[PDB]
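Have a look below at one chain only, the form deposited in one PDB entry, in structure tokens format.
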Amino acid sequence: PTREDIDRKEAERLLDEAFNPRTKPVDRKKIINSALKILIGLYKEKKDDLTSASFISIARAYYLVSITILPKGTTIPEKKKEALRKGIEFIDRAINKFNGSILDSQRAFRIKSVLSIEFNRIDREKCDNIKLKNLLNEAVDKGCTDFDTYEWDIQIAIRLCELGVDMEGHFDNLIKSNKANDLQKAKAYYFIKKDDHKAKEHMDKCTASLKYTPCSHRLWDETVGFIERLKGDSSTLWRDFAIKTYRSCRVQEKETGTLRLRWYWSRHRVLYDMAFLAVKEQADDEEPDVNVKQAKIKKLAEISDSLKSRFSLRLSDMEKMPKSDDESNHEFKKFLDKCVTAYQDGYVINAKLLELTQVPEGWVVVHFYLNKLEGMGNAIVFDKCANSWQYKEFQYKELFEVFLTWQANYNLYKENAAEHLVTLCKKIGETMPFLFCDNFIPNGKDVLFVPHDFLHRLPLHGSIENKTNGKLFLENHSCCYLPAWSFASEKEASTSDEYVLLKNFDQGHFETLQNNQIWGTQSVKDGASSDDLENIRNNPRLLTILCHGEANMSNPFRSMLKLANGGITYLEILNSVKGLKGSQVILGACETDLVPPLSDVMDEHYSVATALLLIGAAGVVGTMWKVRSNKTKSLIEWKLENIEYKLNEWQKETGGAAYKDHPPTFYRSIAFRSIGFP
């Protein structure tokens, strides 16, 4: 016993304390660093005279360093790859330093195999499948088959079964082992014995187990990867696996409170897309019963709404969140620590919501979904008077190109991009021809749109029919918008007769609006600090906020209305503002100042209108882009004269059907939008 063995045994004690599941992560990050300090000191002392055991301990410590680095953003960080590369380069020296015991050769090949499996999962072109297959066959030749004592042998066996080599000799020891979880048993049955009944049973137990684990776990990623492989192999079980995994994800996500959040993991969207495709392929099959087909189209709408509820903030934005409201800050910190603890534990060991059919009479509801997997777009219509469901499909590529063209031209030449606006409206009318036919959307009905991602920015109410003298959509129907179906509620509070105005900016002038006497309450003011917003108390019938806006391009909880002494953000609206039950709100800021511009097809970014809807306001009327101030003053005066009249009448009267002769008046009319469903 020299001091090399004493220091190695101390470092091994520290690593065995770090491999314990009862340890919090903030202690693990210190324990691993102490152990690596001792071992790298021994290496700097005895550079090539080191035994194989210290090299094995260094490789294990670098595996722990690799699993303690959390991904930020949507990219695997380079620190993870650097840790796995250094561990491989350290254990290769113990492999090439021969003349040890056979047990130490077994241990070295086991550590090299698990580091290579993780590095092949992260990076593909650096560590390909052929190299991994050769290394794993070499590791299983040395006798790494003890399925009762180590679970890393189970991982090696299942990964080799996935890569395609025969493993029929080890099946009985694989099944009878009590370290294996149920996904590994289902993979073993399907890939070796070709038995689908036992695979079906073990996968059902796996999903019922997934109902209680957080979404930061490894098991979610592995399960969705198995369903993707089953769909690629043209099996007949991925249809039934996808729906159960979707149900488990819904029940697990239900537990969070009113602050709508979910953990970002990369295979969420492919799970919802495969569930949508499974229910759609069941629905297009012919059946003599029609009620089953109605139930399947309703299931499609439910999957779409459950995707559109939350918005999935990233990790660095969650770590940089401001500290206030010591109970809600406590809820957020509890959520974050639960997610990080589940992420590491996977690697160390192994009001009411309305029904979809609850709509007032004479209404028609249209849901949207953009399927990235098949590259298509689905529109789902519900009709209340006939009580029927239908759905149609369309393409979305050239629509995206025309929208990006209008975005660039607007951001340079705001009022002179009007011809590109007219071209975008004609393109919406050409790609989606179903909303002008009488079978899909009936004549004279009120339409509620629940859009998906880049359809949140398109003007759907100003589409033009693909004819010679085309008509607009707002000439026959009255349109309303909603971010998701979960934001709808009831009890439209029409209590008071109060009128309130607030105003902070003095660029576009509103003095003729300011001098009116209808703003007779003492709550009205023209300085507009945030505490002036948090002191309204008696639920006014109309509130009018007139200020500028500012958008945070990562965190939607930091988008602010530019009021006095710092403004008021999304989170402060959700925590502080109370007296707005059943209040029509008219914003003065445009939508382009409150949301950032999009650079991808998918975007989830909710403005302050959704926070005003969650506080309890009955409807926000806003501008989608920057209009002259005279139009906003005209809208506010028309709303004061008539609070019970619909917006599309005013859009038809003041020049909304003038796209042929004067595109500026058409630009100024169709900018206005109502974001609240009764």
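A residue's number is simply how far along the shown sequence it sits, counting from 1. What we label the rigid core is the largest C-alpha set whose atoms superpose within 1.5 Å from one form to the other.
Below: the form deposited in another entry, not depicted.
Among the residues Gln395, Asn516, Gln358, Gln294, the single one whose Cα moves by at least 2 Å between this form and the one not shown, once the core is superposed, is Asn516.
A movement of the C-alpha atom of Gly566 falling short of 2 angstroms is seen between this form and the one not shown when the two forms are aligned on their rigid core. Superposition of the core reveals a Cα shift of 2 Å or more for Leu36 between this form and the one not shown. The Cα shift for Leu594 between this form and the one not shown, taken after rigid core superposition, is 2 angstroms or larger. Relative to this form, in the other form the C-alpha atoms of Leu561 and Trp519 separate from one another by 3 angstroms or more. The pair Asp593 and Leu472 is tighter in the other form: their Cα-Cα distance falls by no less than 3 Å compared with this form.
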